[PDB]
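If you read the sequences in order, they're chains Y and H.
Residues 1 to 249, numbered by this note's numbering, are exactly what the first sequence covers, in order.
Residues 1001 to 1249, numbered by this note's numbering, are exactly what the second sequence covers, in order.
Virtual Cβ for every residue (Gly too), placed ideally from N, Cα, C.
Protein chains: 2
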Amino acid sequence: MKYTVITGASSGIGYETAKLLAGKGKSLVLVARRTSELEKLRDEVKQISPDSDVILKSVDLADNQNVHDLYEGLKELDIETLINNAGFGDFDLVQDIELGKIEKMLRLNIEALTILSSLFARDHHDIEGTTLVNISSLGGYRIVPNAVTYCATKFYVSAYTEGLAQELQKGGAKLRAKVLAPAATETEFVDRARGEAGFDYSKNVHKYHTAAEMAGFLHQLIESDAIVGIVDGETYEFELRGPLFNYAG
Amino acid sequence: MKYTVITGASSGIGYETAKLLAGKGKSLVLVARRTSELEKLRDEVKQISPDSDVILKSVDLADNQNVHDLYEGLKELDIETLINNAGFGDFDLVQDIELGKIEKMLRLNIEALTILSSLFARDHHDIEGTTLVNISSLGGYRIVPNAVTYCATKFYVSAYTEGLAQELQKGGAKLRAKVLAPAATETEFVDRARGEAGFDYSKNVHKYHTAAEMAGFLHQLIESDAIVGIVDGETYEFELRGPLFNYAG
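Spelled out as structure tokens, the structure:
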């Protein structure tokens, strides 16, 4: 009846978020390219919550028109939450990057996120109980060597979302906007970012959250009054906080 | 024989930079859409410096292919400096924006700048005497109400450029990357951002630099060892300094 839209639902944080919210009886619109994985997730959602309605959207969100079309197709649904989670990364020096991939990364991590945020805001700003959650990274607040382009995309996500969140608050909007900033999380991110499958976090990363743990944090952020949900890089504690960037409003 | 590439040369900061560097006897590649204004600038550059060679590129940089084709066409030139100055803004709430314009803004402010930075770095990283200068904004370090999307584009430019600059330094590169962050500057920026010609800074803005003053700052940043050239929002003093963002390298 009321729906949560999750982009990048087919694996990782998005997948676990779907499973967690199914635990709360929510209906879901699950968006990704991998139809097969979406269908697997759907089965798992329905096992957790038989009365959850699930809508699958097999869509490449790296195309701006595809994003517009996606949103237009939801017009007959009551969306209470929209989660802009689809995204990927890259490891390489700038002088070494493949522009096809980096261009796509800009279209996905920045453009698709801006298009859906904008369209959601346009027709949810005055609707009670609505929430926009954009997924940045701790890398959207502090730069990581060998990941400059990706970090920059997340600085965009962080600044955009903090700006939007404060615009809505100050303008008396009913819509709330939030930003999740994970650190290391065990998903397919490293595999896609290095361009080779089967990275093992247990044998390569000293500190990381599971995707299930990150989904829990995401849920805590939604239910909170805080704008920012960020993992501390030193302690790996999850912190609900106010905007981190300077704001001239 | 050695060239400075200036994007957005047809008005504002870019225009004044061309005239200043002409004063230094430099040769120029001037890029923009307005052929007529490019030719006017060319006349003025030649009046300042008859021995400066001037190459004009009438190009819409909001199309990624056009940016690639632009760069490939300079292959026979010796580029010592590339300035990613083309860009525009918008004033409006997120819920009120026009997606065509904001989509274009992402393609120009973010994508064209990334493409040219990446391409320049690819074949200049080890070349003595080369400089990349990306034009951000004071709004790429502090968020301005009613300009959230644009500010996010400039947080991208700031983080990308600081990240790149540090990557190059840490890696022993000969190439130097810099970021200029103007505050209010008397250009066509307000006209294009409100979608309304004829804005008068003298009667509407308490503090602003002229485009000529900002060109001078730009020149000081190139000659400096500093990564960041930023205008103080309270004093409007120009400061040469190091990265502002948290960096983990």
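- Under DSSP, H:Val1231 forms a beta bridge with H:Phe1238.
- For H:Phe1245, the residues of chain Y that pass the 8 angstroms Cβ criterion are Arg142, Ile143 and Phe155, in the order they occur in the chain.
- Taking 8 angstroms as the cut-off, the Cβ atoms of H:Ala1159 and H:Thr1185 do not count as close.
- Residues of the region 1083–1105 of chain H with a C-beta less than 9 angstroms from any C-beta of chain Y: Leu1093, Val1094, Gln1095, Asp1096, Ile1097, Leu1099, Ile1102 and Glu1103, listed in chain order.
- Leaving aside the five residues that flank H:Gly1008 on each side, the residues in its chain whose CB is nearer than 7 angstroms to its CB run, in chain order, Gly1014, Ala1032, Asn1085, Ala1086 and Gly1087.
- Y:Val5 carries a strand assignment under DSSP once its states are collapsed to helix, strand and coil.
- By the criterion of at least three beta-carbon pairs nearer than 8 angstroms, the region 227–241 of chain Y is not in contact with the region 43–52 of chain Y.
- H:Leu1038 and H:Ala1018 have their alpha carbons spaced roughly 11 angstroms apart.
- DSSP, read as helix, strand or coil, puts Y:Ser10 in coil.
- Contact note: Y:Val148 reaches chain H through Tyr1160, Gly1163, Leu1164 and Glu1167, using a C-beta cutoff of 7 angstroms and chain order.
- CA-to-CA, the gap between Y:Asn204 and Y:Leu164 works out to about 37 angstroms.
- Annotation: the region 109–182 of chain Y contains the following complete segments of the alpha helix (DSSP H) (minimum length 4 residues), in chain order: 113–124 and 148–170.
- Judged by DSSP in its simplified three-state form, Y:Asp78 adopts strand.
- Rounded to whole angstroms, the separation of the alpha carbons of Y:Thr4 and Y:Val45 is 13 angstroms.
- Taking each of Y:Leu175, Y:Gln95 and Y:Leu132 in turn and checking the Cα distance to Y:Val148, the smallest one comes out for Y:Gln95.
- Put simply, the CB of Y:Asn64 is near chain H, with a gap under 8 angstroms to one of its CB atoms.
- When beta bridges are read from the DSSP output, Y:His209 appears opposite Y:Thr185.
- Annotation for H:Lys1057: the continuous beta strand (DSSP E) segment containing it runs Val1054 to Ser1058.
- Bounds of the beta strand (DSSP E) holding H:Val1031 are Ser1027 to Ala1032.
- The criterion of a C-beta distance shorter than 8 angstroms is not satisfied by H:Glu1103 and H:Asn1064.
- The straight-line gap separating the alpha-carbon atoms of Y:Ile222 and Y:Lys178 is approximately 7 angstroms.
- Straight through space, the alpha carbons of H:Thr1114 and H:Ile1083 are spaced by roughly 12 angstroms.
- Rounded to whole angstroms, the Cβ separation of H:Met1105 and H:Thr1153 is 6 angstroms, and the two are in contact under 8 angstroms.
- With a cutoff of 8 angstroms on beta-carbon distance, H:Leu1218 and H:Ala1181 are scored as not near each other.
- With contacts defined as CB atoms closer than 8 angstroms, H:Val1144 and Y:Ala248 qualify as a contacting pair.
- About 19 angstroms separates the beta carbon of Y:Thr161 from that of Y:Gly12, a gap too long to meet the 8 angstroms contact definition.
- For Y:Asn246, the three-state secondary structure derived from DSSP is strand.
- Judged by DSSP in its simplified three-state form, H:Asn1204 adopts coil rather than helix or strand.
- Against chain H, the CB of Y:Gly12 has no partner CB under 8 angstroms away; the residue lies outside that interface.
- Y:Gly8 is outside the set of residues whose beta carbon lies under 8 angstroms from a beta carbon in chain H.
- Close partners of Y:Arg34 in chain H (Cβ separation under 8 angstroms) are lacking, with about 26 angstroms as the shortest Cβ gap.
- Any Cβ of chain H closer than 8 angstroms to the Cβ of Y:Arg122 would place that residue at the interface, and such an atom is present.
- Put simply, the CB of H:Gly1229 is far from chain Y, with every gap to its CB atoms at 8 angstroms or more.
- Taking C-beta atoms as the reference points, Y:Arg42 and Y:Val54 count as a pair closer than 8 angstroms.
- Residue environment analysis places H:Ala1121 among the buried positions, since at least 16 neighbouring C-beta atoms fall within 10 angstroms of its C-beta.
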